[PDB]
Amino acid sequence: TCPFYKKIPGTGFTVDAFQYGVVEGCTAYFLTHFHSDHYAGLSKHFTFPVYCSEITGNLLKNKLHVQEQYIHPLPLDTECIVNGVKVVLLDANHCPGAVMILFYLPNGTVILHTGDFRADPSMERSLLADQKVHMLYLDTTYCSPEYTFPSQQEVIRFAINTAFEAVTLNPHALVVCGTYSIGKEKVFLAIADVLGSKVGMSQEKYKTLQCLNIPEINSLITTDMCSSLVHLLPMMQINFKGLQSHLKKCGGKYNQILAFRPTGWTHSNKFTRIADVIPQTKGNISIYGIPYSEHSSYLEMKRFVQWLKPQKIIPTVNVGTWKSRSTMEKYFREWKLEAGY
Ligand code: NI
């Protein structure tokens with residue numbers, strides 16, 4: 001059955017709750033972003049109102065064939081009324097189209113649901129600054145102090161310099177980037193830009209990218225793999241066997257692959273600096289695991305919550321084990337005592 005942390009009290013609303021059948025007494029289903037653990041259950045047969053961003057609405061219409069009449073896109077940073085309740089969508093700094101949702105309950109309670117987010121100080125200057133939040137439904141994916149990672153900017157710098165050096169030393173090297181969902185587009189777009197290439201990809205992936213309102217996208221992407229030296233492949237194919245195979249398919253146009261796997265976190269972060277990352281190499285194939293995250297680090301998440309000062313926190317991630325739940329609760333208490341709320 002639908003867990004309590006997907007229900008918004010004092011409303012008929014649920015968040016990211018599409019895999020439970022008909023939720024009893026739900027009058028509107030909100031979708032924070034187009035990732036499969038969150039949309040799981042939607043299709044052309046869904047007949048209840050879905051509230052989301054424009055971008056997420058483009059993906060629902062074109063990738064899952066949800067019918068237009070049940071898609072209710074909302075503009076960002078705008079007070080809107082949904083079944084008699086004021087709501088605002090804010091940018092979550094996650095993947096394209098991902099939002100946080102502010103609910104203003106008729107009784108005066110104010111609820112923020114972060115969906116998935118990467119907290120940023122820029123959030124401290126949105127419509128969040130304007131009123132108090134009583135309950136926070138928090139993306140706790142990396143809510144433990146071992147999770148440190150670099151900025152997105154530092155990671156992209158590393159990738160661009162790496163790719164540019166390699167191809168300039170060997171103009172017959174191919175660059176490959178892995179993907180399994182939307183998000184992380186900067187990785188492959190930034191590399192293609194420095195190399196003067198388009199990114200080549202499957203028709204299905206090109207279709208997905210065309211739903212995202214990215215400026216000048218027709219100029220950065222293509223389905224002609226032959227004309228491209230940056231190729232996008234499914235994440236599963238980013239291994240020595242899948243890459244050797246791919247290289248065969250290029251018909252002696254290339255003699256070396258440099259591949260990138262943008263992971264969330266990996267334990268080399270506790271020790272290693274971004275400056276100090278090295279690939280795994282086999283023959284003429286090298287694979288770089290880079291820590292490009294679209295979720296908050298522990299320190300980013302802590303700063304956000306200590307700024308917001310919510311009266312109650314409801315975690316939405318890592319809730320399935322008692323040891324996880326109890327450890328998170330302990331962090332929340334520390335943060336509250338250190339900050340004085
Ligand atoms: Ni996500």
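Residues numbered from 1 in each chain as written, not as in the entry; some residues may be left out. Heavy atoms only, no water. Residues with missing side-chain atoms left out of burial classes, pairs and counts.

This deposited entry lists X-ray crystallography as its structure determination method and 1.6700 Å as its resolution.

1. Considerations on the packing of aromatic side chains
Applying the stated criterion to the full structure yields 21 aromatic pairs. Between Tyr142 and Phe149 the ring centres are 5.4 Å apart and the planes differ by 75°, which places this aromatic pair in the edge-to-face class. In this structure, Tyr142 and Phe149 share a single accessibility class: buried. Summarising the aromatic geometry, the rings of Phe158 and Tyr288 are spaced 5.9 Å apart at their centres and angled 65° between planes, so their arrangement reads as edge-to-face. Of this pair, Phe158 sits in helix α3 (residues 152-169) while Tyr288 sits in strand β17 (residues 285-290), placing them 130 residues apart in sequence. Here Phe158 and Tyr288 have matching classes, each one buried. Of the aromatic side chains, those joined through ring pairs into one cluster are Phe13, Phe30, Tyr51 and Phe103. The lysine or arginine in question, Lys86, covers the ring of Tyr104, its NZ or CZ lying 4.7 Å from the ring centre. The cationic tip of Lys330 hangs over the ring face of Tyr331; the distance from NZ or CZ to the ring centre is 5.6 Å. (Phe/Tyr/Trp six-rings, centres within 6.5 Å; stacked < 30°, edge-to-face > 60°. Buried < 20%, exposed > 50% of the residue type's maximum accessible area, 1.4 Å probe, protein only. Helix = DSSP H or I, 4+ residues; strand = E, 2+ residues; numbered from the N terminus. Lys NZ or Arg CZ within 6 Å of the ring centre and 35° of its normal.)

2. Some thoughts on the domain arrangement of the chain
Segmentation of the chain into domains returns domain 1 (1-147 + 296-341) and domain 2 (148-295). Facing the 25 residues of domain 1 at the interface are 20 residues of domain 2. A per-element tally of the side of domain 1 that touches domain 2 places helix α2 (residues 54-63) first, with six residues. Its residues assigned to classes, the side of domain 1 that touches domain 2 comprises nine nonpolar, nine polar and seven charged. (Domains from an automatic or database assignment. Contact = heavy atoms within 4.5 Å. Nonpolar A, V, L, I, M, F, W, Y, C, P; charged D, E, K, R; others polar.)

3. Focus: the environment of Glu79
Counting through the fold element by element, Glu79 comes out in the loop between β5 (71-74) and β6 (80-82). Under the relative-accessibility criterion, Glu79 is labelled exposed at 52%. Not counting chain neighbours up to four residues away, the residues in contact with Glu79 comprise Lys86, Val87 and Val88. Among the polar contacts made by the side chain of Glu79, one reaches the side chain of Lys86 at a distance of 3.1 Å. (Polar contact = N/O pair within 3.5 Å; in protein donor to acceptor, adjacent residues only side chain to side chain.)

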